[PDB]
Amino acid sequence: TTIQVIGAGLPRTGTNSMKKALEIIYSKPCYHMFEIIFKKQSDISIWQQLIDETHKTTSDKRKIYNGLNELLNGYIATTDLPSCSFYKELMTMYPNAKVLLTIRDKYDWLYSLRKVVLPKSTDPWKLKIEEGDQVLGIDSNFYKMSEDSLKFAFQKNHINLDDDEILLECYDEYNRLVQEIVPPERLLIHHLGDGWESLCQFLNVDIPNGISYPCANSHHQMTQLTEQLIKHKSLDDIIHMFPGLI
């Protein structure tokens, strides 16, 4: 099994739903941030090494190609951070892989990002996220890798992550750049709510009969999850409250 589909869309653009969508179409695993968090946290350090490699004056691109290949082995596809930030490299490694850009209203995206992935440094909620994630064994290593992958995406060394205006403009710039770099035939722009049709057409498959297009990982669902991890201090004790999430 090798990479058939590259997810270039940013966090909070429906990437988990897209992961579950492709897992239905291909009947093979798709990589995602949640793969790291819930199954393979050992991958965090690997991604960090690759991200840090990009910041060198002369980056070892074969080091990155090889590391990407080891991480994504046995996966048919990948979405969300940190793999989205490497969509250029992935396209090179897998010249036949198609590219998906999941996208949405820029204002709804920033709000989602703030609530789940990248709170302002002075937001009390940020402390709650960290507290809840500690139950999962997630700490500063994940947050740094996560933030670093996002800055690599936005191609910024020094950037003020607490400035909403910068984030909003980076978002537009990132999405524009994807469309510019990826040949049209090799790219599908999938807006939230688009469902099965364009995706299945683009991958030359039938629409999966009797199965609804996944709708997972809402920020309301994420807030509840953080709150329940704090309250019960155990994932397994509470997982039955979050079907279809992992």
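Start at 1 with the first residue shown and count on from there.
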property	result
Between 55-63 and 22-30 (mean CA B-factor, as deposited), the higher	55-63
Stretch with the higher entry mean CA B-factor, where the candidates are 153-161 and 79-87	153-161
Residue, from 117, 127, 99, 103, that the PDB entry assigns the highest Cα B-factor	127
Cα B factor band for residue 121 (lowest, middle or highest third within the chain)	highest
Third assignment of residue 138 from its chain's C-alpha B-factors	highest
Third assignment of residue 13 from its chain's C-alpha B-factors	lowest
Residue 239 - which third its CA temperature factor falls in, relative to the rest of the chain	middle
Lowest, middle or highest third - CA B-factor, residue 246	highest
